[PDB]
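Here the structure comes first, spelled out in structure tokens, and everything after it is commentary.
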Amino acid sequence: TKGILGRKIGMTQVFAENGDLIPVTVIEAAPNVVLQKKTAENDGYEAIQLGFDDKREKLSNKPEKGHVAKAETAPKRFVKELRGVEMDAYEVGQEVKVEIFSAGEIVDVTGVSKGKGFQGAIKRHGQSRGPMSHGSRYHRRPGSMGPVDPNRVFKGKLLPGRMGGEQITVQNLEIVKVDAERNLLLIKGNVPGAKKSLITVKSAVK
Amino acid sequence: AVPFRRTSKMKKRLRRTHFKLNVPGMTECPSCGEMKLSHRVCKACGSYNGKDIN
Amino acid sequence: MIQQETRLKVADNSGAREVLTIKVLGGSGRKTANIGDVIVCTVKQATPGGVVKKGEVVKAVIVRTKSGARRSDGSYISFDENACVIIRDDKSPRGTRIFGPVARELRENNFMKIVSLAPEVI
Amino acid sequence: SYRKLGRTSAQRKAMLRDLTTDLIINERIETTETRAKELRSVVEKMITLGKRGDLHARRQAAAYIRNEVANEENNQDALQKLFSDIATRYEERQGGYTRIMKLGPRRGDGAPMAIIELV
Amino acid sequence: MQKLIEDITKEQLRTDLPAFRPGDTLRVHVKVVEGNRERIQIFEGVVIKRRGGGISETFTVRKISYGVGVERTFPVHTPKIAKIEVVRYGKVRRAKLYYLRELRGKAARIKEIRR
RNA sequence: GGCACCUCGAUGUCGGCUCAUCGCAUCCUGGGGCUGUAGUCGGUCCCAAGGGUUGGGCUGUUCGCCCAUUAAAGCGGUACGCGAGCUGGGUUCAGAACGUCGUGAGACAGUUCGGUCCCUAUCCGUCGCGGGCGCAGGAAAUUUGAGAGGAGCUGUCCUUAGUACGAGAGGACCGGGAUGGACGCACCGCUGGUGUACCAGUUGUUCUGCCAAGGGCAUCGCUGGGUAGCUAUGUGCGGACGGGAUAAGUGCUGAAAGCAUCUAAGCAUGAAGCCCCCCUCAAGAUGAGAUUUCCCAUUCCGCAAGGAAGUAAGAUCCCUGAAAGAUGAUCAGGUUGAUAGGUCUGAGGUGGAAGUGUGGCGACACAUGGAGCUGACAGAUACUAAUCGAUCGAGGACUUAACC
């Protein structure tokens, strides 16, 4: 398989030479560098781990600097790895850029979600709330615990808690335009995560 | 909404094991002599970042 | 979004004036009707002389709503009121002459007959 | 965003207006930390306003700051004292006319005091 | 961000548009294709709104048709708005002229500023 | 229903709302056998619990009956689930009445009108979030996956094809294609909603000595809009293709028992079912895993059992913050720096500021001028604040292989 890692800059709409209107997700991705080529006979499996954008020497520490000095680049802030790629396709230290994708290709997209915080059950899992009138003192409560005979509540009754911050994958997205000059991506749809955040883009396994 | 049993001594201490309060952060004043917080102006010397404040 | 029990204005010569959606068809529980789909309904008030009287269950399609209708180009169509036309099951209207502007969505929903008898199509 | 300061908008706006008038009054404020942090920006846009120093500016700053006495022997009101003296003093530094000095908290409630002075 | 957005959409935003205020009256030509038979339906009306920016800029227009008022909306820079021209210059006060839906019949006067 | 076994030093009783969960004696969807199964439809029976299993009218009603849809409108268990979650319509108080019974006070699983539902969560349990310690040095990252979760639902239309079948009527199996309903996930460009330090108009009163221009209060005084953020009714996507082992079933070969026989030996096929494939968590997995990179094995003491005291890598305290946030935590930053607030330039929004001058008795309208103003938005800018500091944090036991 094939895939890159970038930073989500924004999202807008773009016309596609037919009259219909196509909202798009805008992702800038400076050319990534493979730092380590994970191989089967020592790592138990094959993979490539690669870094996305630079860091200043102030925030760079000595261990990661020594790790990067094999591929002889600037230190990388954002490092992830992919599985299922062609093992001999990528030499260590080479770039991947943006042009390995072409417009019209179905795409698996994965990113962290927008963090929201401690929300109630109403927001968290969207089950309805009680009456707002006719004497109801049950305005926004999260429902009954469960039966009596098991003498305890079961695991996984869905309760108020924190939202967000947990990575989510949208499948079968379609890349509508690639701008290799500015190192930009432009995918139809809506991509999860806050602005200027992590976003990784993969070829769809479907 | 009622304690069904009394809480024993070791349970009480075990709850209170985190209720201890931390020390502040001191730093030696720019003007000599005494102790001061970080990012607070000096109470005694009346100075901060080497500069004097009335 | 035409919804269950919404009162509708009629825009043809079938004699019905105000109809009352029984509920919408399609899936098992359809909470909504947008432009184009058949809704079963009863008639609340009517002209004296008409093919349909007051108070019988009939089948109809809404032809113009006040909530917007979205076309693929990016345009939207919307109106000031809600109207529908009574359709018998031959998928063509009961009245012989309809009034007012009608949306284009009833083209690709196969409705050339009412589209032709429409006085104006936007 | 911007802080709420534990009060709704009416007396909040009255509070900030009163503090910034006090700032122009005596060029040095002792208050709590968060009042100082939200104080800084507003007094320094009034300082930009006074640096602009035209008649639209006079009326705009009149609509926010209040009329105290600032130099009583000259009967100098706060508006004119701003618009004459302080704009001419700080016309050159294109921003950042405020400083925050933090102190130990009060005996009464441990509220973190700050020193605000215009410099 | 908005720098990169406008550079990526400059090639697609249209240019041949007379500048208009949302209290004026227009006719707009659309190239709607019905049965692979391309033809132009003209749409005469009055702007009610002009909202957005970049190519997210959009505007909308009202017309009274057979006693029924209609909203028509478009994005500003679609390829498939063929021709647009101003017929008459309006004088309004509001930026958004929303009350025209309530105001039906003559009492919806738009004054000719002749500017 | 019978018995009276725990509870009368209190175990809250119908129905409804919110929330589920389990069984299968399966309502639909899946696979089959028989048919008095031609085909479209069915009847029964078997395998199958993965998922789903509608809105109204009436009555307190479960239940029913009716209206309209749907593939279907399942049956039951969980103190007739669920009141320290909610409801109080009815039964189950005290008032009052009707019918009836009683000489009467009064009474009726007879009716009718009205009728106080307490609790600051201790421990289990549940949902999130932190600190310590461990993982025979000390750190920064990347991971493996045991093992957990979730999704796992369906219609309609076109074609095959008016083709097989059928005197006819009518109408397919299998296979392709398009599109939808409901759910869930994500997110503001669009449609909008909100938007209480944004803008504009406007009444009363009061205040800034007066006019002008403004301030306060009147639900944000009212009204029309509206940035960011949040958001659905708005937008994008999913439940695809597959593999393996199967259930009911269909078999191939073949004796026991010269035949027969899906059977005992062997070899197959066969489900929305099981395990994977999809998504997420996951080494406290004490079995504490793996990879790469950095720090090195200093100073003293009993010399040695082992301690203590400075440190390296690297962290922390403290400070500026938000894309994160109840606080912790996370992340961006801390003077070789764009972290936040200013300033300037913008986007966008409100929309024609004041002051002038003209016309007009006048309220007013014009030009100056897309002017004036602008919370969160995005670029630059060292202007102001992230200063001096401090604290923590390595020196490593037996054997087999192997070579100083």
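Residue numbers (the UniProt record's numbering), protein chains in the order written: chain Y, 2 to 207; chain V, 2 to 55; chain X, 1 to 122; chain R, 2 to 120; chain W, 1 to 115. C-beta: ideal position from N, C-alpha, C; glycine also.
Measuring alpha carbon to alpha carbon, tell me which of Y/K77, Y/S129 and Y/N173 ends up nearest Y/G94. What you label residue 94 of chain Y is simply residue 93 of the first sequence in a count that begins at 1. Distances from the alpha-carbon of Y/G94 to those of Y/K77, Y/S129 and Y/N173 put Y/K77 closest.
Since V/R41 meets chain R, which of its residues come closer than 7 Å, beta carbon to beta carbon? What you label residue 41 of chain V is simply residue 40 of the second sequence in a count that begins at 1. Correct list: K103, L104 and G105.
Meets three-Cβ-pair contact criterion under 8 Å: the stretch 59-69 of chain Y and the stretch 129-143 of chain Y: no
Collapsed DSSP secondary structure at W/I5 in the structure displayed: If you number the fifth sequence from 1, residue 5 of chain W lands on position 5. In the structure shown, W/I5 sits in a helix (DSSP, three-state: H, G or I).
Might you give, ordered along the chain, the residues of its own chain that have their beta carbon closer than 6 Å to the beta carbon of residue 177 of chain R, omitting 5 neighbours on each side? No answer is possible for residue 177 of chain R: the residues shown for chain R start at 2 and end at 120.
Taking CB distances under 9 Å as the criterion, tell me whether W/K96 reaches chain Y. Numbered from its first residue, the fifth sequence carries residue 96 of chain W at position 96. W/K96 does not count as touching chain Y.
Partners in chain W for X/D73, counting only beta-carbon separations shorter than 7 Å: Along the third sequence, one-based indexing puts residue 73 of chain X at 73. For X/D73, the C-beta contacts it makes with chain W under 7 Å involve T78 and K80, in order along the chain.
Determine whether the beta carbon atoms of W/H77 and W/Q12 lie at a separation below 9 Å. Translated into the one-based positions of the fifth sequence, residue 77 of chain W becomes position 77. Translated into the one-based positions of the fifth sequence, residue 12 of chain W becomes position 12. Result yes, Cβ atoms of W/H77 and W/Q12 sit closer than 9 Å.
For R/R90, which option in R/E28, R/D23, R/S42 and R/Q12 has the closest C-alpha, if you only look at C-alpha atoms? The residue given as residue 90 of chain R occupies position 89 in the fourth sequence. Among R/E28, R/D23, R/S42 and R/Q12, the Cα nearest to that of R/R90 is on R/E28.
Which residues DSSP lists as bridging Y/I188, in chain order: If you number the first sequence from 1, residue 188 of chain Y lands on position 187. For Y/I188, which the question treats as bridged, DSSP gives the partners Y/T26 and Y/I176.
Span of the beta strand (DSSP E), counted from its first residue to its last, around residue 252 of chain Y: In the structure displayed, chain Y extends from 2 to 207; residue 252 of chain Y sits before or after that span and is not available.
Given a cut-off of 9 Å on the beta-carbon distance, is the pair Y/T26 and Y/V86 in contact? Reading the first sequence from its first residue, position 25 is the one you call residue 26 of chain Y. Reading the first sequence from its first residue, position 85 is the one you call residue 86 of chain Y. Contact flag unset, no.
Using only the alpha-carbon positions, how far apart do R/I48 and W/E6 sit? Here residue 48 of chain R is taken as the residue at index 47 of the fourth sequence, counted from 1. Here residue 6 of chain W is taken as the residue at index 6 of the fifth sequence, counted from 1. About 35 Å.
CA nearest to the CA of Y/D21, picked from X/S75, X/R64 and X/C41: By 1-based counting over the first sequence, the position of residue 21 of chain Y is 20. Comparing Cα positions, the closest option is X/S75.
Helix, strand or coil at R/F84 [DSSP, three-state]: Numbered from 1 along the fourth sequence, position 83 holds the residue referred to as residue 84 of chain R. DSSP places R/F84 in helix when its eight states are reduced to three.
Since X/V85 and X/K59 are thought to touch, with beta carbons under 8 Å apart, how far apart are those beta carbons, to the nearest angstrom? On the third sequence, position 85 is the one that residue 85 of chain X refers to. On the third sequence, position 59 is the one that residue 59 of chain X refers to. Between X/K59 and X/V85 the Cβ distance is about 10 Å, and since that is not below 8 Å, they are no contact.
Just to confirm the assignment, what range does the alpha helix (DSSP H) spanning Y/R125 have? Position 124 of the first sequence, counted from the start, is the residue given in the question as residue 125 of chain Y. Start and end: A122 to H126.
For the alpha helix (DSSP H) holding V/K10, just list the boundary residues, first then last. On the second sequence, residue 10 of chain V is found 9 positions in, with the first residue counted as 1. Taken as a continuous stretch (DSSP letters only), the alpha helix (DSSP H) holding V/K10 covers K10 to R17.
For Y/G20, which residues in chain X fall below 7 Å Cβ to Cβ? By one-based count along the first sequence, residue 20 of chain Y stands at place 19. Under the 7 Å cutoff, chain X gives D73.
Mind listing the chain W neighbours of Y/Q128? Cutoff is C-beta to C-beta under 7 Å, in chain order. The count along the first sequence starts at 1 and reaches residue 128 of chain Y at position 127. Around Y/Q128, no beta-carbon contact reaches into chain W at under 7 Å, the shortest distance being about 35 Å.
Got a sec, what are the start and stop residues for the alpha helix (DSSP H) R/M16 sits in? On the fourth sequence, position 15 is the one that residue 16 of chain R refers to. Looking at the DSSP string, the run of the alpha helix (DSSP H) that includes R/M16 is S10 to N27.
Return helix, strand or coil for R/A37, following the three-state DSSP convention. Taking the fourth sequence and counting its residues from 1, one reaches residue 37 of chain R at position 36. Helix at R/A37.
Rounded straight-line distance, which links the Cα of Y/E182 to that of X/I62: By 1-based counting over the third sequence, the position of residue 62 of chain X is 62. By 1-based counting over the first sequence, the position of residue 182 of chain Y is 181. If I take the Cα positions, the gap works out to 50 Å.
Looking at the strands, I want to know which residues DSSP matches up with W/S65. Walking along the fifth sequence from the start, residue 65 of chain W turns up at place 65. Looking at the DSSP assignment, W/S65 forms a beta bridge with W/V68.
How should V/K44 be labelled, buried or exposed, when 16 other C-beta atoms within 10 angstroms of its C-beta is the threshold for buried? In the second sequence, the residue the question calls residue 44 of chain V occupies position 43. So V/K44 ends up on the exposed side.
If we call anything under 9 Å between Cβ atoms a contact, is Y/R141 one with Y/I123? Position 140 of the first sequence holds residue 141 of chain Y. Position 122 of the first sequence holds residue 123 of chain Y. In contact: Y/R141 and Y/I123 (Cβ atoms closer than 9 Å).
At a cut of 8 Å, does the stretch 104-111 of chain R reach the stretch 49-59 of chain W through at least three beta carbon pairs? no
Every unbroken alpha helix (DSSP H) inside the stretch 45-95 of chain R [4 residues or more]: 56-63 and 79-82
Among R/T9, R/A112 and R/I101, which residue has its Cα nearest to the Cα of residue 173 of chain R? An answer regarding residue 173 of chain R cannot be provided, because it is not within the stretch 2 to 120 covered by chain R.
For V/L22 and chain R, any beta-carbon pair shorter than 9 Å? Position 21 of the second sequence, counting from 1, holds the residue named residue 22 of chain V. Taking CB atoms only, V/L22 has no neighbour in chain R less than 9 Å away.
Cβ contact check for the stretch 86-106 of chain X and the stretch 94-108 of chain W: 3 or more pairs under 8 Å: no
Enumerate in chain order the residues of its own chain whose CB-to-CB distance from Y/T40 is below 6 Å, with the five nearest sequence positions on each side excluded. As a first step, residue 40 of chain Y must be located in the first sequence, where it is residue number 39. For Y/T40, same chain residues with a beta-carbon under 6 Å away, outside a window of 5 residues either side, are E47 in chain order.
Counting only Cβ pairs nearer than 7 Å, list the residues of chain X close to W/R37. Here residue 37 of chain W corresponds to residue number 37 of the fifth sequence, with the count starting at 1. Neighbours of W/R37 on chain X: none; closest Cβ ~12 Å, over 7 Å.
When we look at the beta-carbon of V/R6 and count the other beta-carbons within 10 Å, is it buried (16 or more) or exposed? One-based indexing of the second sequence puts residue 6 of chain V at position 5. It counts as exposed.
For R/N68, collect the residues of the same chain with a Cβ closer than 8 Å to its Cβ; drop the 5 residues on either side in sequence, then sort them by chain order. Within the fourth sequence, numbered from 1, the residue matching residue 68 of chain R stands at position 67. For R/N68, where only same-chain residues beyond five positions count, the Cβ hits under 8 Å are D78, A79 and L80.
Distance between beta carbons of Y/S114 and Y/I169, contact taken as under 8 Å: Counted from its first residue, the first sequence places residue 169 of chain Y at position 168. Counted from its first residue, the first sequence places residue 114 of chain Y at position 113. Their Cβ separation, rounded to whole angstroms, is 5 Å, which keeps Y/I169 and Y/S114 in contact under 8 Å.
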